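Participant: Counting in my numbering, the first sequence runs from 103 upward without gaps. Dropping the structure in here first, questions after.
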Amino acid sequence: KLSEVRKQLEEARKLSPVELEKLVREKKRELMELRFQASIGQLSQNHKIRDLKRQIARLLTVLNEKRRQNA
RNA sequence: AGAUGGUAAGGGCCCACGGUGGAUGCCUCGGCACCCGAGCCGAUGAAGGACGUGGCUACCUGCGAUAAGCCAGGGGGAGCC
């Protein structure tokens with residue numbers, strides 16, 4: 103886990119503003135998919151959710167530090 | 001024609017062992033006093049709240065749709081959620 107996290111950030115940090123936004127929408131959707139499965143029981147292994155959640159935060163956190171200078 | 005003995009439905013006093021009840025002693029994440037230190041917050045939206053937030057979550061706690069958490073700098077070193 104930790105290893106990947108730092109990488110996410112490196113690549114994301116240089117990803118443009120317009121391109122980020124769409125990466126997020128996409129991620130957001132994956133989340134929905136994951137809750138639906140959670141609800142039915144049938145396939146669903148916990149850590150997967152809080153993970154995907156913290157992703158979006160980071161993604162959005164980055165989107166803002168950009169906005170503070172670039173639009 | 002004569003006599004003090006003898007029964008316990010129940011009751012009383014004493015002794016032994018239990019029941020109820022929570023005094024006593026010992027104990028203390030709490031309180032009280034004094035002395036020091038420190039002393040404002042808010043339209044860049046306070047103090048105080050409401051609702052919400054966990055894979056499963058009644059309440060408390062922490063957070064706010066990025067929701068028991070997001071970024072970086074410093075401290076620490078084997079255990080965490």
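Don't be surprised by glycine CBs; every beta carbon is placed ideally from N, CA and C.
Counting Cβ pairs closer than 8 Å, one from the segment 131–145 and one from the segment 109–119, do we hit at least three?
Facilitator: Result no; under three Cβ-Cβ pairs closer than 8 Å.
Participant: Compare the C-alpha of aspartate 153 against each of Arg115, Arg137, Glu167 and name the closest.
Facilitator: Here residue 153 refers to the residue found at position 51 when the first sequence is read from its first residue. Of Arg115, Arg137, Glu167, the residue nearest in Cα terms is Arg137.
Participant: If you reduce the DSSP assignment to three classes, tell me which class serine 146 lands in.
Facilitator: One-based indexing of the first sequence puts residue 146 at position 44. Coil, per DSSP.
Participant: Closest to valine 126 by C-alpha separation, out of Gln171, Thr163, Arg170, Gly143, would be which residue?
Facilitator: Mapped onto the first sequence, residue 126 falls at position 24. When only C-alpha atoms are compared, the closest one is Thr163.
Participant: In this structure, how does DSSP classify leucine 117 when only helix, strand and coil are distinguished?
Facilitator: Position 15 of the first sequence, counted from the first residue, corresponds to residue 117. Coil at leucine 117, not helix or strand.
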